[PDB]
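Next comes structure-v3.cif, with mmCIF, N, CA and C atoms and all ligand atoms.
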data_structure
#
loop_
_atom_site.label_atom_id
_atom_site.label_comp_id
_atom_site.auth_asym_id
_atom_site.auth_seq_id
_atom_site.Cartn_x
_atom_site.Cartn_y
_atom_site.Cartn_z
N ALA A 1 96.93 103.99 78.84
CA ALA A 1 96.26 103.09 79.73
C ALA A 1 94.85 102.90 79.26
N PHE A 2 94.32 101.71 79.44
CA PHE A 2 92.93 101.50 79.10
C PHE A 2 92.15 101.57 80.41
N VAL A 3 90.86 101.92 80.38
CA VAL A 3 90.14 102.25 81.59
C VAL A 3 88.88 101.41 81.71
N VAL A 4 88.45 100.77 82.80
CA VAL A 4 87.15 100.11 82.79
C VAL A 4 86.11 101.13 83.23
N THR A 5 84.95 101.29 82.56
CA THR A 5 84.00 102.29 82.99
C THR A 5 82.72 101.63 83.52
N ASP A 6 81.62 102.37 83.57
CA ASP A 6 80.40 102.08 84.32
C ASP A 6 79.74 100.76 84.09
N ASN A 7 79.68 100.28 82.84
CA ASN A 7 78.85 99.12 82.56
C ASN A 7 79.42 97.82 83.09
N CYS A 8 80.69 97.84 83.52
CA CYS A 8 81.27 96.66 84.14
C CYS A 8 80.61 96.36 85.52
N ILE A 9 80.28 97.44 86.24
CA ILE A 9 79.77 97.34 87.60
C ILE A 9 78.50 96.47 87.57
N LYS A 10 78.52 95.47 88.44
CA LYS A 10 77.52 94.43 88.65
C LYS A 10 77.35 93.46 87.46
N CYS A 11 78.29 93.43 86.50
CA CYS A 11 78.29 92.52 85.37
C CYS A 11 79.56 91.73 85.62
N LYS A 12 80.76 92.30 85.60
CA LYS A 12 82.02 91.68 85.94
C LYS A 12 82.17 90.29 85.32
N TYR A 13 82.23 90.33 83.98
CA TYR A 13 82.33 89.09 83.20
C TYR A 13 83.63 88.34 83.29
N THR A 14 84.66 89.14 83.48
CA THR A 14 86.08 88.86 83.48
C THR A 14 86.72 88.30 82.22
N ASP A 15 86.04 88.20 81.10
CA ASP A 15 86.58 87.79 79.83
C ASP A 15 87.85 88.59 79.48
N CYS A 16 87.92 89.84 79.96
CA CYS A 16 89.05 90.71 79.69
C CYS A 16 90.40 90.27 80.21
N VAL A 17 90.41 89.58 81.36
CA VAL A 17 91.67 89.22 81.91
C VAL A 17 92.29 88.12 81.05
N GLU A 18 91.57 87.37 80.19
CA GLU A 18 92.25 86.36 79.38
C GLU A 18 93.32 86.86 78.47
N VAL A 19 93.02 87.99 77.90
CA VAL A 19 93.83 88.46 76.84
C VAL A 19 94.94 89.39 77.29
N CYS A 20 95.02 89.74 78.59
CA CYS A 20 95.94 90.79 79.02
C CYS A 20 97.38 90.28 79.04
N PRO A 21 98.37 90.81 78.30
CA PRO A 21 99.68 90.20 78.34
C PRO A 21 100.34 90.49 79.70
N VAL A 22 100.02 91.60 80.38
CA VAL A 22 100.82 91.94 81.54
C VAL A 22 100.14 91.79 82.87
N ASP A 23 98.96 91.18 82.83
CA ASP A 23 98.11 90.98 83.99
C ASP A 23 97.89 92.20 84.86
N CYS A 24 97.32 93.26 84.33
CA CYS A 24 97.14 94.45 85.12
C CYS A 24 95.72 94.78 85.48
N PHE A 25 94.87 93.79 85.69
CA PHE A 25 93.49 93.93 86.15
C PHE A 25 93.47 93.61 87.64
N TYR A 26 92.71 94.35 88.44
CA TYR A 26 92.62 94.21 89.89
C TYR A 26 91.13 94.17 90.15
N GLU A 27 90.86 93.28 91.08
CA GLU A 27 89.55 92.77 91.37
C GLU A 27 88.85 93.36 92.58
N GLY A 28 87.65 93.87 92.41
CA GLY A 28 86.84 94.30 93.49
C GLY A 28 85.62 93.43 93.48
N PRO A 29 84.76 93.57 94.48
CA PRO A 29 83.57 92.76 94.65
C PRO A 29 82.71 92.77 93.43
N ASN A 30 82.51 93.88 92.72
CA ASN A 30 81.57 93.87 91.60
C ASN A 30 82.05 94.73 90.46
N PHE A 31 83.38 94.80 90.30
CA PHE A 31 83.90 95.65 89.28
C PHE A 31 85.35 95.28 89.17
N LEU A 32 85.92 95.45 87.98
CA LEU A 32 87.36 95.30 87.78
C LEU A 32 87.99 96.67 87.40
N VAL A 33 89.25 96.94 87.70
CA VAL A 33 89.93 98.13 87.25
C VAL A 33 91.24 97.75 86.53
N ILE A 34 91.84 98.58 85.69
CA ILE A 34 93.09 98.39 85.01
C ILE A 34 94.09 99.27 85.69
N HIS A 35 95.27 98.74 86.04
CA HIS A 35 96.28 99.60 86.64
C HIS A 35 97.02 100.42 85.61
N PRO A 36 96.90 101.74 85.62
CA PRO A 36 97.39 102.56 84.54
C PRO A 36 98.93 102.53 84.23
N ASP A 37 99.77 102.26 85.24
CA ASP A 37 101.22 102.19 85.11
C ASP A 37 101.63 100.87 84.50
N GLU A 38 100.86 99.84 84.78
CA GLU A 38 101.14 98.56 84.21
C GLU A 38 100.62 98.28 82.80
N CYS A 39 99.48 98.87 82.41
CA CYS A 39 98.89 98.65 81.13
C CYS A 39 99.87 99.03 80.04
N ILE A 40 99.98 98.19 78.98
CA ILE A 40 100.81 98.55 77.83
C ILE A 40 100.00 99.02 76.63
N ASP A 41 98.70 99.32 76.76
CA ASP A 41 97.87 99.79 75.69
C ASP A 41 97.90 98.92 74.47
N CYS A 42 98.05 97.63 74.66
CA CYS A 42 97.95 96.72 73.54
C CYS A 42 96.55 96.64 72.98
N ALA A 43 95.52 97.18 73.67
CA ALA A 43 94.12 97.22 73.27
C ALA A 43 93.38 95.93 73.04
N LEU A 44 93.97 94.81 73.44
CA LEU A 44 93.40 93.50 73.22
C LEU A 44 92.17 93.17 74.06
N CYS A 45 92.00 93.85 75.22
CA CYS A 45 90.90 93.57 76.17
C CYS A 45 89.64 94.24 75.77
N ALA A 46 89.66 95.42 75.13
CA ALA A 46 88.46 96.16 74.78
C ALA A 46 87.50 95.35 73.89
N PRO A 47 87.91 94.58 72.87
CA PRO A 47 87.02 93.75 72.10
C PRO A 47 86.44 92.56 72.84
N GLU A 48 87.15 92.12 73.86
CA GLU A 48 86.71 90.97 74.64
C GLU A 48 85.68 91.31 75.72
N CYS A 49 85.43 92.59 76.12
CA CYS A 49 84.39 92.86 77.12
C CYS A 49 82.95 92.68 76.65
N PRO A 50 82.09 91.83 77.18
CA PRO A 50 80.71 91.75 76.70
C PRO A 50 79.96 93.05 77.00
N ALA A 51 80.22 93.70 78.14
CA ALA A 51 79.55 94.94 78.50
C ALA A 51 80.09 96.15 77.74
N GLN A 52 81.04 95.99 76.81
CA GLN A 52 81.78 97.06 76.18
C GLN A 52 82.11 98.25 77.07
N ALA A 53 82.63 97.92 78.23
CA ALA A 53 82.93 98.86 79.29
C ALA A 53 84.39 99.30 79.15
N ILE A 54 85.29 98.73 78.31
CA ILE A 54 86.67 99.19 78.36
C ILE A 54 87.01 100.22 77.30
N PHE A 55 87.74 101.30 77.61
CA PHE A 55 88.06 102.35 76.66
C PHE A 55 89.49 102.75 76.83
N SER A 56 90.07 103.16 75.72
CA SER A 56 91.34 103.81 75.75
C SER A 56 91.06 105.06 76.55
N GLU A 57 92.01 105.42 77.37
CA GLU A 57 91.92 106.59 78.22
C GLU A 57 91.43 107.85 77.50
N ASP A 58 91.95 108.01 76.32
CA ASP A 58 91.70 109.16 75.49
C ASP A 58 90.40 109.06 74.73
N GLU A 59 89.64 108.01 74.97
CA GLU A 59 88.33 107.86 74.35
C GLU A 59 87.23 107.63 75.37
N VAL A 60 87.52 107.81 76.65
CA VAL A 60 86.57 107.64 77.75
C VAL A 60 85.49 108.66 77.46
N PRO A 61 84.21 108.35 77.42
CA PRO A 61 83.15 109.32 77.17
C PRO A 61 83.23 110.47 78.15
N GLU A 62 82.76 111.66 77.85
CA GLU A 62 82.82 112.84 78.74
C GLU A 62 82.15 112.63 80.12
N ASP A 63 81.01 111.97 80.05
CA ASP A 63 80.31 111.72 81.27
C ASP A 63 80.90 110.52 81.97
N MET A 64 82.07 109.92 81.66
CA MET A 64 82.62 108.82 82.43
C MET A 64 84.02 109.08 82.83
N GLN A 65 84.42 110.33 82.72
CA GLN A 65 85.77 110.79 83.00
C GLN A 65 86.26 110.46 84.37
N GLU A 66 85.35 110.37 85.31
CA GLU A 66 85.68 110.05 86.67
C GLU A 66 86.32 108.68 86.75
N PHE A 67 85.96 107.76 85.85
CA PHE A 67 86.51 106.40 85.92
C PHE A 67 87.98 106.32 85.69
N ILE A 68 88.61 107.31 85.04
CA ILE A 68 90.04 107.25 84.77
C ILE A 68 90.74 107.26 86.08
N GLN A 69 90.45 108.21 86.96
CA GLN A 69 91.11 108.32 88.25
C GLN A 69 90.64 107.25 89.18
N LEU A 70 89.41 106.79 89.09
CA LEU A 70 88.97 105.68 89.94
C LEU A 70 89.76 104.40 89.68
N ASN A 71 90.07 104.06 88.44
CA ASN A 71 90.87 102.90 88.07
C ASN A 71 92.21 103.02 88.70
N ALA A 72 92.77 104.24 88.62
CA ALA A 72 94.08 104.42 89.19
C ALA A 72 94.12 104.22 90.70
N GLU A 73 93.18 104.81 91.46
CA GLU A 73 93.10 104.64 92.87
C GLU A 73 92.75 103.26 93.24
N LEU A 74 91.74 102.62 92.68
CA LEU A 74 91.33 101.34 93.21
C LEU A 74 92.29 100.26 92.86
N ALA A 75 93.17 100.48 91.88
CA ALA A 75 94.15 99.50 91.45
C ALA A 75 95.24 99.34 92.47
N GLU A 76 95.45 100.41 93.20
CA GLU A 76 96.41 100.43 94.25
C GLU A 76 95.77 99.67 95.40
N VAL A 77 94.46 99.45 95.60
CA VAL A 77 94.07 98.76 96.80
C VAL A 77 93.48 97.42 96.57
N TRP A 78 93.03 97.11 95.38
CA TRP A 78 92.43 95.80 95.11
C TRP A 78 93.44 94.72 94.68
N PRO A 79 93.14 93.44 94.89
CA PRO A 79 94.00 92.33 94.52
C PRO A 79 94.08 92.04 93.04
N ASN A 80 95.22 91.58 92.54
CA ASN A 80 95.40 91.23 91.12
C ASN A 80 94.51 90.10 90.71
N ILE A 81 93.84 90.17 89.58
CA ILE A 81 93.09 89.02 89.16
C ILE A 81 93.76 88.60 87.85
N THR A 82 94.16 87.32 87.70
CA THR A 82 94.75 86.85 86.46
C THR A 82 93.94 85.71 85.82
N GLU A 83 92.88 85.11 86.38
CA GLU A 83 92.09 84.02 85.76
C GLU A 83 90.68 84.51 85.61
N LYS A 84 90.07 84.29 84.48
CA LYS A 84 88.67 84.50 84.25
C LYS A 84 87.94 83.71 85.32
N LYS A 85 86.71 84.10 85.61
CA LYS A 85 85.85 83.35 86.48
C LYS A 85 84.46 83.61 85.93
N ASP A 86 83.42 83.12 86.60
CA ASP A 86 82.08 83.25 86.11
C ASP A 86 81.65 84.67 86.30
N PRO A 87 80.72 85.11 85.47
CA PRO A 87 80.10 86.40 85.62
C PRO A 87 79.28 86.50 86.90
N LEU A 88 79.07 87.72 87.41
CA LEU A 88 78.18 87.91 88.54
C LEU A 88 76.82 87.32 88.19
N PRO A 89 75.90 86.97 89.08
CA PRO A 89 74.83 85.99 88.78
C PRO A 89 73.74 86.59 87.95
N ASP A 90 73.55 87.88 88.21
CA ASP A 90 72.55 88.61 87.49
C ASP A 90 73.15 89.56 86.47
N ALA A 91 74.34 89.21 86.01
CA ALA A 91 75.05 90.08 85.12
C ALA A 91 74.30 90.56 83.89
N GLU A 92 73.42 89.82 83.25
CA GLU A 92 72.82 90.47 82.11
C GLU A 92 71.52 91.26 82.34
N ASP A 93 70.94 91.17 83.54
CA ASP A 93 69.90 92.08 83.95
C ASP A 93 70.48 93.49 84.05
N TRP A 94 71.72 93.60 84.56
CA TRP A 94 72.39 94.87 84.77
C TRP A 94 73.20 95.35 83.57
N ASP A 95 73.45 94.54 82.53
CA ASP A 95 74.26 94.96 81.41
C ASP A 95 73.54 95.99 80.59
N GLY A 96 74.02 97.21 80.62
CA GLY A 96 73.34 98.20 79.85
C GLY A 96 72.55 99.12 80.74
N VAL A 97 72.41 98.90 82.06
CA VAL A 97 71.74 99.88 82.94
C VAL A 97 72.72 101.05 83.05
N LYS A 98 72.25 102.31 83.01
CA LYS A 98 73.20 103.39 83.14
C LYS A 98 73.30 103.85 84.61
N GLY A 99 74.38 104.54 85.00
CA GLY A 99 74.40 105.08 86.35
C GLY A 99 74.68 104.05 87.42
N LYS A 100 75.45 102.98 87.13
CA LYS A 100 75.78 101.92 88.05
C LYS A 100 76.86 102.21 89.05
N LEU A 101 77.53 103.36 88.98
CA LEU A 101 78.56 103.79 89.92
C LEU A 101 77.99 103.92 91.33
N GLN A 102 76.75 104.32 91.52
CA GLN A 102 76.17 104.39 92.85
C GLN A 102 76.08 103.01 93.48
N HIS A 103 76.21 101.90 92.68
CA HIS A 103 76.32 100.53 93.17
C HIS A 103 77.74 100.07 93.35
N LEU A 104 78.82 100.83 93.12
CA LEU A 104 80.15 100.24 93.31
C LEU A 104 80.47 99.82 94.74
N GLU A 105 81.07 98.66 95.01
CA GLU A 105 81.41 98.25 96.34
C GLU A 105 82.90 98.23 96.45
N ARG A 106 83.48 98.76 97.52
CA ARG A 106 84.92 98.72 97.77
C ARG A 106 85.34 97.36 98.32
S1 LIG B 201 95.16 97.39 76.97
FE1 LIG B 201 96.39 95.42 76.99
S2 LIG B 201 97.82 95.71 78.74
FE2 LIG B 201 96.05 97.16 79.02
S3 LIG B 201 94.53 96.06 80.32
FE3 LIG B 201 94.01 95.85 78.13
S4 LIG B 201 94.93 93.83 77.55
FE4 LIG B 201 96.00 94.51 79.43
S1 LIG B 202 82.26 93.56 82.34
FE1 LIG B 202 84.17 94.11 83.46
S2 LIG B 202 85.19 92.22 84.28
FE2 LIG B 202 86.15 92.73 82.22
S3 LIG B 202 84.94 91.65 80.67
FE3 LIG B 202 84.06 93.68 80.92
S4 LIG B 202 85.66 94.92 81.95
#
Represent the structure from my file as structure tokens, please.
Amino acid sequence: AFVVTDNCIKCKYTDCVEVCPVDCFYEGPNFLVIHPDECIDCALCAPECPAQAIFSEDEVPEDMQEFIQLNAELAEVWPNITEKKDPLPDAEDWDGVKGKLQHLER
């Protein structure tokens, strides 16, 4: 499974959903998650993220390990997103800020 981590929060470009063959991205107010049972690890979305927030599960940085289980839980409650849309409005002010998890909205 591929995992979305911290830098997506408050950027949410959605470029990643274009390339997904199985549509396994689920949408929250300011973050996207990948559903781990649905992902086929084709790895096509990781190059398409401008925030470089997507990682193969087995390459999630040590300090972002929490995001693996967060993707799994929030995927069960958020709605499927299958079309790109515009980035959040201030997305590049926040691209690259660290510690954005304290800003996640359910
Ligand atoms: S690795 Fe492939 S199947 Fe998984 S979210 Fe990315 S594009 Fe979709
Ligand atoms: S910022 Fe987030 S919405 Fe997709 S393009 Fe990157 S994982």
Fill in: Nearest to ligand LIG 202 (chain B), chosen from A:37, A:90, A:15, A:105, with all atoms listed in the file counted in the distances
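Checking each of A:37, A:90, A:15, A:105 against ligand LIG 202 (chain B), counting all atoms listed in the file, the winner is A:15.
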Practice prompt. Return as a VMD selection string every polymer residue, whether protein, DNA or RNA, with at least one atom no more than 10 Å from an atom of ligand LIG 201 (chain B); count only C-alpha atoms and all ligand atoms.
Written response: chain A and resid 1 to 4 16 to 26 33 to 48 54 to 57
Mind running chain A against ligand LIG 202 (chain B) at 6 Å and telling me each contacting residue's nearest atom pair with the distance in Å (one decimal), counting all atoms listed in the file, chain and number ascending, as JSON lines?
{"residue": "A:4", "atom": "CA", "partner": "B:LIG202", "partner_atom": "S4", "distance": 5.5}
{"residue": "A:7", "atom": "C", "partner": "B:LIG202", "partner_atom": "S1", "distance": 5.2}
{"residue": "A:8", "atom": "CA", "partner": "B:LIG202", "partner_atom": "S1", "distance": 3.7}
{"residue": "A:9", "atom": "N", "partner": "B:LIG202", "partner_atom": "FE1", "distance": 5.8}
{"residue": "A:11", "atom": "C", "partner": "B:LIG202", "partner_atom": "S1", "distance": 4.6}
{"residue": "A:12", "atom": "CA", "partner": "B:LIG202", "partner_atom": "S2", "distance": 3.6}
{"residue": "A:13", "atom": "N", "partner": "B:LIG202", "partner_atom": "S2", "distance": 3.5}
{"residue": "A:14", "atom": "N", "partner": "B:LIG202", "partner_atom": "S2", "distance": 3.2}
{"residue": "A:15", "atom": "N", "partner": "B:LIG202", "partner_atom": "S3", "distance": 3.6}
{"residue": "A:16", "atom": "N", "partner": "B:LIG202", "partner_atom": "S3", "distance": 3.6}
{"residue": "A:17", "atom": "N", "partner": "B:LIG202", "partner_atom": "FE2", "distance": 5.4}
{"residue": "A:31", "atom": "C", "partner": "B:LIG202", "partner_atom": "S2", "distance": 5.8}
{"residue": "A:32", "atom": "N", "partner": "B:LIG202", "partner_atom": "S2", "distance": 5.0}
{"residue": "A:48", "atom": "C", "partner": "B:LIG202", "partner_atom": "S3", "distance": 5.0}
{"residue": "A:49", "atom": "CA", "partner": "B:LIG202", "partner_atom": "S3", "distance": 3.8}
{"residue": "A:50", "atom": "N", "partner": "B:LIG202", "partner_atom": "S3", "distance": 4.5}
{"residue": "A:51", "atom": "N", "partner": "B:LIG202", "partner_atom": "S1", "distance": 4.7}
{"residue": "A:52", "atom": "N", "partner": "B:LIG202", "partner_atom": "FE3", "distance": 5.6}
{"residue": "A:53", "atom": "N", "partner": "B:LIG202", "partner_atom": "FE3", "distance": 5.2}
{"residue": "A:54", "atom": "N", "partner": "B:LIG202", "partner_atom": "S4", "distance": 5.3}
Worksheet entry | Atom pair atom C of residue A:65 / atom N of residue A:96: separation (Å) | 18.4 Å
Fill in: Members of chain A assigned alpha helix (DSSP H) by DSSP, as a VMD selection string
chain A and resid 66 to 77 91 to 94
Excluding residue A:103 and residues on its chain fewer than 4 positions from it, collect all residues at most 9 Å away from it, counting only C-alpha atoms, and give them as a compact mmCIF listing (two decimals) with N, CA and C atoms, in the coordinates of the input.
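Just written: part_5.txt:
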# COMPACT_ATOMS: atom_id res chain seq x y z
N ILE A 9 80.28 97.44 86.24
CA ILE A 9 79.77 97.34 87.60
C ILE A 9 78.50 96.47 87.57
N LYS A 10 78.52 95.47 88.44
CA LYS A 10 77.52 94.43 88.65
C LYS A 10 77.35 93.46 87.46
N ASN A 30 82.51 93.88 92.72
CA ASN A 30 81.57 93.87 91.60
C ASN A 30 82.05 94.73 90.46
N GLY A 99 74.38 104.54 85.00
CA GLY A 99 74.40 105.08 86.35
C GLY A 99 74.68 104.05 87.42
Fill in: Secondary structure check, strand (DSSP E or B) residues of chain A, as a list in words
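Everything in chain A that counts as strand (DSSP E or B) is residues 2, 3, 4, 25, 26, 27, 28, 31, 32, 33, 34, 54, 55, 56 and 80 of chain A.
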Worksheet entry | Straight-line distance linking atom CA of residue A:79 with atom CA of residue A:28, stated in Å to one decimal |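 One can read the atom CA of residue A:79 to atom CA of residue A:28 distance as 7.5 Å.
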Worksheet entry | Selected residue, from A:86, A:27, A:93, A:58, that lies nearest to residue A:74 when counting only C-alpha atoms |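 When distances to residue A:74 are compared using only C-alpha atoms, the smallest one comes from A:27.
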Item to complete: Rank A:29, A:67, A:6, A:106 by their smallest atom-to-atom distance to residue A:87, using only C-alpha atoms, and report the top residue only.
Response: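 Smallest distance to residue A:87 is found for A:29.
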Worksheet item: What gap, in Å, lies between atom CA of residue A:5 and atom CA of residue A:64?
Response: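 Value for the atom CA of residue A:5-atom CA of residue A:64 distance: 6.7 Å.
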Since the input is missing atoms, can you rebuild N, CA, C and O atoms for stretch 30-56 of chain A and write them as a CSV table (one decimal), in the coordinates of the input?
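So the final result, stored in rebuild35.csv, reads:
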chain,number,residue,atom,x,y,z
A,30,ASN,N,82.5,93.9,92.7
A,30,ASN,CA,81.6,93.9,91.6
A,30,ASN,C,82.0,94.7,90.5
A,30,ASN,O,81.2,95.2,89.7
A,31,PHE,N,83.4,94.8,90.3
A,31,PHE,CA,83.9,95.6,89.3
A,31,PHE,C,85.4,95.3,89.2
A,31,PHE,O,85.9,94.8,90.1
A,32,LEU,N,85.9,95.4,88.0
A,32,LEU,CA,87.4,95.3,87.8
A,32,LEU,C,88.0,96.7,87.4
A,32,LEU,O,87.3,97.5,86.8
A,33,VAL,N,89.2,96.9,87.7
A,33,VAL,CA,89.9,98.1,87.2
A,33,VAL,C,91.2,97.8,86.5
A,33,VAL,O,91.8,96.7,86.7
A,34,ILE,N,91.8,98.6,85.7
A,34,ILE,CA,93.1,98.4,85.0
A,34,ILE,C,94.1,99.3,85.7
A,34,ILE,O,93.9,100.5,85.9
A,35,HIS,N,95.3,98.7,86.0
A,35,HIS,CA,96.3,99.6,86.6
A,35,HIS,C,97.0,100.4,85.6
A,35,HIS,O,97.8,99.9,84.9
A,36,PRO,N,96.9,101.7,85.6
A,36,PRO,CA,97.4,102.6,84.5
A,36,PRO,C,98.9,102.5,84.2
A,36,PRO,O,99.3,102.7,83.0
A,37,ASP,N,99.8,102.3,85.2
A,37,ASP,CA,101.2,102.2,85.1
A,37,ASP,C,101.6,100.9,84.5
A,37,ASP,O,102.6,100.8,83.8
A,38,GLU,N,100.9,99.8,84.8
A,38,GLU,CA,101.1,98.6,84.2
A,38,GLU,C,100.6,98.3,82.8
A,38,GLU,O,101.3,97.5,82.1
A,39,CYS,N,99.5,98.9,82.4
A,39,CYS,CA,98.9,98.6,81.1
A,39,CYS,C,99.9,99.0,80.0
A,39,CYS,O,100.5,100.1,80.2
A,40,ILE,N,100.0,98.2,79.0
A,40,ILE,CA,100.8,98.6,77.8
A,40,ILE,C,100.0,99.0,76.6
A,40,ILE,O,100.5,99.2,75.5
A,41,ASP,N,98.7,99.3,76.8
A,41,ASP,CA,97.9,99.8,75.7
A,41,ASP,C,97.9,98.9,74.5
A,41,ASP,O,97.8,99.4,73.4
A,42,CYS,N,98.0,97.6,74.7
A,42,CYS,CA,98.0,96.7,73.5
A,42,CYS,C,96.6,96.6,73.0
A,42,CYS,O,96.4,96.0,71.9
A,43,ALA,N,95.5,97.2,73.7
A,43,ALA,CA,94.1,97.2,73.3
A,43,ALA,C,93.4,95.9,73.0
A,43,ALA,O,92.3,96.0,72.5
A,44,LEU,N,94.0,94.8,73.4
A,44,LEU,CA,93.4,93.5,73.2
A,44,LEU,C,92.2,93.2,74.1
A,44,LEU,O,91.3,92.4,73.6
A,45,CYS,N,92.0,93.8,75.2
A,45,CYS,CA,90.9,93.6,76.2
A,45,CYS,C,89.6,94.2,75.8
A,45,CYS,O,88.6,93.6,76.0
A,46,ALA,N,89.7,95.4,75.1
A,46,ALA,CA,88.5,96.2,74.8
A,46,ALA,C,87.5,95.4,73.9
A,46,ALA,O,86.3,95.4,74.1
A,47,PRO,N,87.9,94.6,72.9
A,47,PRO,CA,87.0,93.8,72.1
A,47,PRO,C,86.4,92.6,72.8
A,47,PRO,O,85.4,92.0,72.5
A,48,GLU,N,87.2,92.1,73.9
A,48,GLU,CA,86.7,91.0,74.6
A,48,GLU,C,85.7,91.3,75.7
A,48,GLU,O,85.0,90.4,76.2
A,49,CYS,N,85.4,92.6,76.1
A,49,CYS,CA,84.4,92.9,77.1
A,49,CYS,C,83.0,92.7,76.6
A,49,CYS,O,82.5,93.4,75.7
A,50,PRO,N,82.1,91.8,77.2
A,50,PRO,CA,80.7,91.8,76.7
A,50,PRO,C,80.0,93.0,77.0
A,50,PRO,O,79.2,93.6,76.2
A,51,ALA,N,80.2,93.7,78.1
A,51,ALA,CA,79.6,94.9,78.5
A,51,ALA,C,80.1,96.2,77.7
A,51,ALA,O,79.7,97.3,78.0
A,52,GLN,N,81.0,96.0,76.8
A,52,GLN,CA,81.8,97.1,76.2
A,52,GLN,C,82.1,98.2,77.1
A,52,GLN,O,81.9,99.4,76.8
A,53,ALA,N,82.6,97.9,78.2
A,53,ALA,CA,82.9,98.9,79.3
A,53,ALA,C,84.4,99.3,79.2
A,53,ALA,O,84.8,100.2,79.9
A,54,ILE,N,85.3,98.7,78.3
A,54,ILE,CA,86.7,99.2,78.4
A,54,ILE,C,87.0,100.2,77.3
A,54,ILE,O,86.6,100.1,76.2
A,55,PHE,N,87.7,101.3,77.6
A,55,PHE,CA,88.1,102.4,76.7
A,55,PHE,C,89.5,102.8,76.8
A,55,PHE,O,90.1,102.7,77.9
A,56,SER,N,90.1,103.2,75.7
A,56,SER,CA,91.3,103.8,75.8
A,56,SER,C,91.1,105.1,76.6
A,56,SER,O,90.0,105.7,76.4
